[PDB]
Amino acid sequence: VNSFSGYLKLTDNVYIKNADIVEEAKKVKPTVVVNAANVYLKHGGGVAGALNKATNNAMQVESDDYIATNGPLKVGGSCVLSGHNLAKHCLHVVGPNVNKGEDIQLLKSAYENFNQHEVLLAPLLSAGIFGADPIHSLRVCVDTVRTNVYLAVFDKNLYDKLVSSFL
Ligand SMILES: N#Cc1c[nH]c2ncnc(Sc3c(F)cc(F)cc3F)c12
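Residue numbers for the sequence shown, in UniProt numbering: 1025 to 1191.
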């Protein structure tokens, strides 16, 4: 039993809800919140911009030190950093950005990072400003992630479409 509330169950391990991931993280304080990161951990907009703002820029400060030490992530890769006031940990996962020409096949690799954590609160990877089809992102999620994932979908209109078209 966990503290996530109001989710629709899609599969044995994938759950979904119309919610603002920032407000959902602040309420649940999950072990792991997933950020829709880029390789530079520059959290400017989309989910990353919103998560970073909620930490009062502490996520960005931590991230800049991480990059100065380690260099950029790979597309499809991830790193674990602090969750600050939102979660115990933040798993920064880089899905391919379609508006950058990156191979959508890397989306499966990106979701594989979720399997290193038993339970996660997460957005759909590569959705929103990363330009991929959210219906496709949900399909890859369900077909790749084996651990317990609670998906927050900000757009109520998109959420209803994701539910109604789910196979
Ligand atoms: N900005 C911003 C946000 C603030 N809270 C959020 N909670 C969830 N998602 C997003 S952005 C987004 C989207 F619009 C569509 C999609 F398919 C995947 C996404 F990550 C935000």
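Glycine residues also receive a C-beta, built at the ideal position from the N, C-alpha and C atoms.
Candidates the options: closest to residue i by CA position
{"i": "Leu1131", "options": "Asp1157, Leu1191, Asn1037 and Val1104", "result": "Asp1157"}
{"i": "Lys1180", "options": "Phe1028, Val1025, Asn1042 and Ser1029", "result": "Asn1042"}
{"i": "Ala1078", "options": "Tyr1090, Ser1087, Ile1045 and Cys1103", "result": "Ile1045"}
{"i": "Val1166", "options": "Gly1152, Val1187 and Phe1154", "result": "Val1187"}
{"i": "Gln1129", "options": "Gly1152, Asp1184, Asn1139 and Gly1100", "result": "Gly1100"}
{"i": "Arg1170", "options": "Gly1155, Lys1185, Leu1144 and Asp1184", "result": "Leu1144"}
{"i": "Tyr1183", "options": "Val1025, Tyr1039 and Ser1029", "result": "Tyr1039"}
{"i": "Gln1140", "options": "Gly1107, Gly1125, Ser1102 and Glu1126", "result": "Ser1102"}
{"i": "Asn1121", "options": "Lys1050, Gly1155, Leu1034 and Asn1037", "result": "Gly1155"}
{"i": "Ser1027", "options": "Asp1036, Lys1050, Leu1034 and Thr1035", "result": "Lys1050"}
{"i": "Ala1134", "options": "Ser1029, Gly1119 and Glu1142", "result": "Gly1119"}
Beta-carbon proximity of residue i to residue j, cut-off 8 Å
{"i": "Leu1105", "j": "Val1057", "result": "no"}
{"i": "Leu1162", "j": "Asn1137", "result": "no"}
{"i": "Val1117", "j": "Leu1149", "result": "yes"}
{"i": "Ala1072", "j": "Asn1059", "result": "yes"}
C-alpha gap between residue i and residue j, whole angstroms
{"i": "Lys1098", "j": "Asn1123", "result": "17 Å"}
{"i": "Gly1070", "j": "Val1177", "result": "12 Å"}
{"i": "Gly1095", "j": "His1067", "result": "16 Å"}
{"i": "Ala1074", "j": "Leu1191", "result": "30 Å"}
{"i": "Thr1168", "j": "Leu1032", "result": "19 Å"}
{"i": "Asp1089", "j": "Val1164", "result": "32 Å"}
{"i": "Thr1055", "j": "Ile1159", "result": "26 Å"}
{"i": "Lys1053", "j": "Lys1112", "result": "7 Å"}
{"i": "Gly1152", "j": "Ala1092", "result": "28 Å"}
{"i": "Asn1062", "j": "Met1083", "result": "13 Å"}
{"i": "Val1085", "j": "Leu1175", "result": "26 Å"}
{"i": "residue 1248", "j": "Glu1048", "result": "Lying before the first or after the last residue shown, residue 1248 is absent from the chain, which here runs from 1025 to 1191."}
{"i": "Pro1147", "j": "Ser1189", "result": "18 Å"}
{"i": "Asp1127", "j": "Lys1185", "result": "25 Å"}
{"i": "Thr1035", "j": "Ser1087", "result": "34 Å"}
{"i": "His1108", "j": "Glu1142", "result": "20 Å"}
{"i": "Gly1125", "j": "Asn1076", "result": "25 Å"}
First through last residue of the beta strand (DSSP E) which encompasses residue i
{"i": "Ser1106", "result": "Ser1102 to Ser1106"}
{"i": "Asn1042", "result": "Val1038 to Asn1042"}
{"i": "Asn1059", "result": "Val1056 to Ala1060"}
{"i": "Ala1146", "result": "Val1143 to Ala1146"}
{"i": "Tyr1135", "result": "No beta strand (DSSP E) holds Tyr1135; the alpha helix (DSSP H) holding it covers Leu1130 to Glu1136."}
Delimiting residues of the alpha helix (DSSP H) encompassing residue i
{"i": "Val1187", "result": "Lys1180 to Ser1188"}
{"i": "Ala1151", "result": "From DSSP, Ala1151 is part of no alpha helix (DSSP H); its letter is neither H nor E."}
{"i": "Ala1082", "result": "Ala1082 to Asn1094"}
{"i": "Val1063", "result": "No alpha helix (DSSP H) contains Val1063, which DSSP labels as neither H nor E."}
Below-8 Å beta-carbon distance, residue i vs any chain D residue
{"i": "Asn1076", "result": "Protein chain content of the structure displayed is limited to a single chain, and chain D is not contained in it."}
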